[PDB]
Structure formats: structure tokens, C-alpha cells
Amino acid sequence: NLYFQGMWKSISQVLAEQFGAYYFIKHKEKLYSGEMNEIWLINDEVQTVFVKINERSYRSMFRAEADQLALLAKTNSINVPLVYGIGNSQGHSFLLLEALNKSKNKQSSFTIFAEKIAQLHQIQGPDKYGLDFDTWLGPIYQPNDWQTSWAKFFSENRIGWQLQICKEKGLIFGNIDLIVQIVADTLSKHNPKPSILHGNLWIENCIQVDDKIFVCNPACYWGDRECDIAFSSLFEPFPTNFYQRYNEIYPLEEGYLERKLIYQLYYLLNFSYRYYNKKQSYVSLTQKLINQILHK
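The rules behind these values
Residues numbered from 1 in each chain as written, not as in the entry; some residues may be left out. Heavy atoms only, no water. Residues with missing side-chain atoms left out of burial classes, pairs and counts. Pairing = 2+ DSSP bridges. Helix = DSSP H or I, 4+ residues; strand = E, 2+ residues; numbered from the N terminus. Axes fitted to C-alpha atoms, helices over the stretch in contact; angles between N-to-C directions. Contact = heavy atoms within 4.5 Å. Core = buried A, V, L, I, M, F, W, Y, C linked by side-chain atoms within 4.5 Å. Buried < 20%, exposed > 50% of the residue type's maximum accessible area, 1.4 Å probe, protein only. Domains from an automatic or database assignment. Left-handed = near helix turned anticlockwise from the far one by under 90°. Buried area = accessible area lost by both parts, 1.4 Å probe. Salt bridge = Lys/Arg side-chain N within 4 Å of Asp/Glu carboxyl O. Polar contact = N/O pair within 3.5 Å; in protein donor to acceptor, adjacent residues only side chain to side chain. Nonpolar A, V, L, I, M, F, W, Y, C, P; charged D, E, K, R; others polar.

Structure determination for this PDB entry is given in the record as X-ray crystallography, at a resolution of 2.320 Å.

As C-alpha cells, then:
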């Protein structure tokens, strides 16, 4: 595997610049992933590194992921893994992160996490929705061109965008314009304070590390804080104390339950696209949810 050897050399080089001394790789282990990316753990007998790998052209995505972890770390709110760097080789690109030690879950760690998620959403920034660069949610990038209207931004850059991607794979749920317009009507009078979103907030991206929860795989943008909350309760939800404490610090506004459905629809379309060949319950839930929004 000639190109694979070049890849390890480039990783050693990026790690050398980072730590100051050259990084001699002594052990390497490939972890399982359903995802597009290959995942590895490597170490030099002292420092362990978590490595995401893909083809060379994915360097831009890995760059975006690193910039998100950086901007999230700078808010001094949620716990995110450190970035050691990005890079590429002849046939691969990669992201290099802190290897977090996963310990047994503590329900109480979610009370503190809700305080950090709250703090994150309370940060005042721009008066428009989006971000300076396009972020990714699974294998699809999210258009983040700035918009003053949330109705428009979510309707087209989220729902419409994902519906089109699904259509290309043959996942057809209904007339796309109709769905976009219905979602736009619901958000018609809703232009909330833009909040910096983790963007991929659900249980599988949380990791218990000693007494704190860390969160990974961001899909950031400035949007409605409710999208984060909505997604976290879609599948296996966070425990009860999270929602209790979050609502106590930053009370959710009137209209939340109606909006929760269209916010959740975005993730189901994404999941449907990513896993139609494997799970199959994602399509069924998406179709049922679309019928509710469209018929009733």
C-alpha cells in the first residue's frame, strides 16, 4: 500500500511541526466506522492521536471541521477535542485530534452540559444567519451564505437543499417547492437572535471524559438555537435534567413544539440519505413526518 505509507509520513510531519519534536509512529489501530471516513488511533509511546482519513480532495472538509473545533473551543463554554492539525499526501487528506478517554456515563454531567450549551447559545454575534464558510453534516456540506431571513435560510439552505440531495438518490417524499413553502410559512414570523449552533448535537456525538461531557463532529452555523435542542431529542434523547436546566437558564420561546418538527425533519432527511441502504426506518419516519406537515 504505497500511498498509505506516504500518508503516514505526512501525518508524522504535521505532528512534528505541532509538538516540536518529530513524531515516530510506534502503534496504529484502525477503528470501525459506518461513516465515509476511516478512523485510526496511533501513538508514539507517549502521545495518542485520533485520526480521520479520506481521499485527498477532502482536505477542505477537514479544514472546515478544524476551524469549527477551534471557534467552539474559543467560546470557553462546551468541551471540544483539541486539534493537532490537518494535511494531505498524494492520495489522502486527514484531520488529527486529541484522543479522548471515554469513561462510564454520569447523568449529572448533563446538568453542567446544559449550562454550557445555554452559554454557547447566549453568545451575541452577527445579525444574520449562516457562517463565513460552509460546514458539513455527514457527507453533505451545508450552504452557509449569510441571510437576514431565517424563514428563507432554513427553508432553502437546509430543507430544500437536503430534499434535492435525497431526490438524486431516489428518496422522493413529495413536491419540494410545496415542502419548502410550508416550512417557510411556519417560520414566517420567526427571526430569532442568531445563535452559534454545534449543529450535530445528539447522543452519539457526546463522550463522557471523567466528570465532563465532550462533544465532537460539529456542523456549525449561526441559526435558531432550537435546532440543537430539537435534534438532541430526536432519537435516544438526552436525559431529563438537561432539558430542565437548559430551559431554566434560557427559556424556550412560544412556538417551540411546532418548529421542533420542521427542525427535526432536516436531520431525518440527512439520516435518510446517509442510511437508506442500512436502517430503512429513517425513510418511513421522514415520510410520516412530511405527511403530517403537508396533509394535517
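**Q** Got a sec to walk through the sheet that holds strand β2 (residues 38-43)? Specific residues and values, please.
**A** Judged by pairing direction, the sheet is antiparallel, and its five strands sit side by side in the order β1-β2-β3-β5-β4 without closing on themselves. With one partner strand each, in any of the chains shown, β1 (27-31) and β4 (83-88) form the two edges of the open sheet. Direction aside, the axes of adjacent strands within the sheet are offset by 20 degrees on average. In this structure, strand β3 (residues 48-55) lies alongside strand β5 (residues 92-98), joined through seven bridges in antiparallel fashion. Bridge assignment links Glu55 to a residue of β5, and that residue is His92. Contacts from helix α1 (residues 2-19) reach β1, β2, β3, β4 and β5, with the element oriented near 40 degrees to β5. Strand contacts of helix α2 (residues 59-74): β3, β4 and β5, with the helix running at about 165 degrees to β4, the strand carrying the most contacts.

**Q** Before we move on, can you summarise the nonpolar core with the specific residues and values?
**A** In this structure, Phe113, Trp150, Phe154 and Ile159 are the most contacted members of the largest nonpolar core, which totals 66 residues. Of all the elements, helix α8 (residues 256-275) adds the most residues to this core, at nine residues. Residue assignment places this core across two domains, with domain 1 (1-99) and domain 2 (100-296) each supplying three or more. The residues contacting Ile159, other than those within four sequence positions of it, are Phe154, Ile179, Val183, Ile262, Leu265, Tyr266 and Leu269. One finds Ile11, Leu15, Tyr84 and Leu96 within the second-largest nonpolar core, a separate group that totals 14 residues.

**Q** So what's going on with the packing of helix α3 (residues 109-122) against helix α7 (residues 240-249)? Residues and values would help.
**A** With their axes 8 Å apart at the nearest point, α3 and α7 run at an angle of 35 degrees to one another. In terms of crossing hand, the pair formed by α3 and α7 is right-handed. Facing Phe110, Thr111, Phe113, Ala114, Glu115, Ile117, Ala118, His121 and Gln122 of α3, the residues of α7 in contact are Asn241, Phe242, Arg245, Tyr246 and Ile249.

**Q** Outline the domain arrangement of the protein chain, listing residues and values.
**A** Per the domain assignment, the segments of the protein chain are domain 1 (1-99) and domain 2 (100-296). Domain 1 and domain 2 are separated by 27 Å when their C-alpha centres are compared. The partner domain 2 presents 27 residues to the 21 residues of domain 1 that form the contact. Carbon and sulfur atoms make up 68% of the area that domain 1 and domain 2 hide from each other, which totals about 1900 Å². Interface area lost by domain 1 to domain 2 is led by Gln68, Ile78 and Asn79, which between them contribute 30%. Inspection of the region where domain 1 meets domain 2 yields one salt bridge. At the boundary of domain 1 with domain 2, the tally comes to seven residue pairs in polar contact. Counting residues per element, the side of domain 1 that touches domain 2 draws most heavily on α2, at eight residues. Among the residues making up the side of domain 1 that touches domain 2, the classes are represented as eleven nonpolar, five polar and five charged.

**Q** Can you lay out the environment of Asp44 for me, pointing to particular residues and giving the numbers?
**A** With respect to the helices and strands, the residue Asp44 is situated in the loop between β2 and β3. Residues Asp44 and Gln107 lie 63 residues apart in sequence; the distance between their C-alpha atoms is 34 Å. A distance of 2.9 Å separates the side chain of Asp44 from the backbone nitrogen of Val46, its partner in a polar contact.

**Q** Just give me the short version of the side chain of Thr135, but keep the residues and values in it.
**A** Summarising the element assignment, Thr135 is placed in strand β6 (residues 135-137). At a separation of 3.3 Å, a polar atom in the side chain of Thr135 contacts the side chain of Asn144. Side-chain polar atoms of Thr135 contact the backbone oxygen of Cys220, separated by 2.7 Å.

**Q** Report on the environment of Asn175, specifying residues and quantitative values.
**A** With respect to the helices and strands, the residue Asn175 is situated in the loop between α4 (150-169) and α5 (176-187). Under the relative-accessibility criterion, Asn175 is labelled partly exposed at 46%. With 119 residues separating them in the primary sequence, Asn175 and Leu294 have C-alpha atoms 10.0 Å apart. Within the structure, the side chain of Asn175 is placed 3.1 Å from the backbone nitrogen of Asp177, a separation counted as a polar contact. Separated by 2.8 Å, the side chain of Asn175 and the backbone nitrogen of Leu178 make a polar contact.

**Q** Got a sec to walk through the pattern of salt bridges? Specific residues and values, please.
**A** Applying the stated rule across the entire model yields eight salt bridges. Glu115 is the salt-bridge partner of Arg245, the closest N and O atoms lying 2.9 Å from each other. Highlighted residues: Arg245 in helix α7 and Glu115 in helix α3, separated in sequence by 130 residues. Accessibility expressed as a relative area gives 25% for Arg245, which makes it partly exposed. Judged by relative accessible area, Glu115 falls into the partly exposed class, the value being 26%. Here the salt bridges share partners, and the residues they tie into one network are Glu115, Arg245 and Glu248.

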